[PDB]
């Protein structure tokens, strides 16, 4: 059950230093290497760095001067730190088990073969001048990402956190569609992301869809989640949306009741 | 950055291929990897060592390299293959990984569908808080190219409009949403507001009035 869980702050002010922690489960840090990868909004994946079983660190060159990676075998954790953050450092951050290996393959000139030294095919003699040559090595650097974690979203901004305001989107008599009806919640004015919404404590999963959030001109985010329910059940079964905004340690359970028209 | 095609397209059941172009120092060194990013979930490890297939990956995914160019080929293209795809290769060190510019994969051939539109007016609670937000939810449509417009008393409205970009649902049909943010005075200075969704020449329009309950 190899799992890798990220933990840290969802918001950081500019110039400061972001600090994150990766908690491992299932495997021993003394066995497999660990690295960190980030992806900015609508940007490609970017390599950060890695630490091996020998606690040796290797970083992305362009970011070496701002990166620091540490390990603790006992706690089974790996910590990452980024200095002098900017808005461009806003992104999603993942930690992952990685495979690294250098492969020292040698190449011989034309007409020769390895056998140690590069010897001419058909040479017959072991030390004949002109029947052997010095092999030149080519290092083949191996890298790939064994296993990924969930990912933590990190926002860099001078603005301050704000909790969400949850308003209902109830189905009226003129909004129904026969045996079916749409009802939801509006999660208004929050910052930063993320927000997650469930319905009836997850026991209602059929037909739920939570829309992406829009960023208004105020700098805040708004988001909506809706569920499709039998029109026969409106007025019998209760429907509650469970909003969660960890960036302000908030949880709101709003009851969406049918409009009485 | 490893050059990948910005976007490629394929049809259900067929075979498609994505390139990854680097240099002698990254792809030329070899050992290329391929990863799949499904919106919402965490990336997956698909291919390692140019060709090695990860555990649980079906044989339809295949990797190859020729010189400074790798290629991922997906046969029997399924609907769950709509995603972004990235390549990666070390460079001058097993700890300096270089990723590719990324490629978005689009799967075609799915049944078309017209958008079902629901328009909610400002909740009583939100009005009592001196705020008004009109929510227009657009569901279950294919292709995903829609256009929203807002009409305040038959006139077009562009201020206070914020529209999401369409996104696939769990049933693989697209959805989008648009919000009109108004002060309660604006909301009552008009008799009706209308959300117009244009999709395949067709236009589904919902209308709400503050005087009624809707």
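Bear in mind these aren't lab numbers, they're just calculated from the coordinates by the rules spelled out. Cβ placement follows ideal geometry from the backbone for every residue including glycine, while neighbour counts extend to all protein chains displayed.
Can you put A:45, A:186 in order of Cβ neighbours within 10 angstrom, beginning with the fewest? Before the final figure, lay out each step's value.
Working: A:45 24, A:186 27.
So the ranking, lowest neighbour count to highest, is A:45, A:186.
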Separation of the stretch A:150-221 and the stretch B:80-133 by C-alpha centroid, Å?
16
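List B:195, A:95, A:241 from most exposed to least, where exposure is judged by having the fewest other Cβ atoms within 10 Å. Each step should come with its number before you reach the end.
Values: B:195 24, A:95 31, A:241 27.
With the fewest neighbours first, B:195, A:95, A:241 line up as B:195, A:241, A:95.
Which whole number gives the average, over all residues in A:142-152, of C-beta atoms from other chains lying within 10 Å of the residue C-beta? Working shown, then result.
Working: counts 9, 17, 16, 8, 3, 4, 6, 2, 2, 3, 0.
For peptide A:142-152, the averaged partner shielding equals 6.
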Compute log10 of I(q)/I(0) for chain B with the Debye formula, placing one identical point scatterer on every Cα and leaving out solvent, at q = 0.13 Å⁻¹, to two decimals.
-0.79
Taking the convex hull of the alpha carbon atoms in the protein assembly as shown, what volume per residue do you get, in Å³?
179
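Does the stretch A:17-107 classify as rounded, prolate or oblate by the C-alpha gyration tensor (a ≥ b ≥ c root eigenvalues; a/c under 1.5 gives rounded; else a/b over b/c gives prolate, otherwise oblate)?
Working: a/c = 1.85, a/b = 1.24, b/c = 1.49.
Oblate.
Based only on other Cβ atoms within 10 Å, what is the fewest-to-most ordering of A:113, A:240? Could the numbers behind the result be given before it?
On the way: A:113 11, A:240 15.
Neighbour counts put them in this order, fewest first: A:113, A:240.
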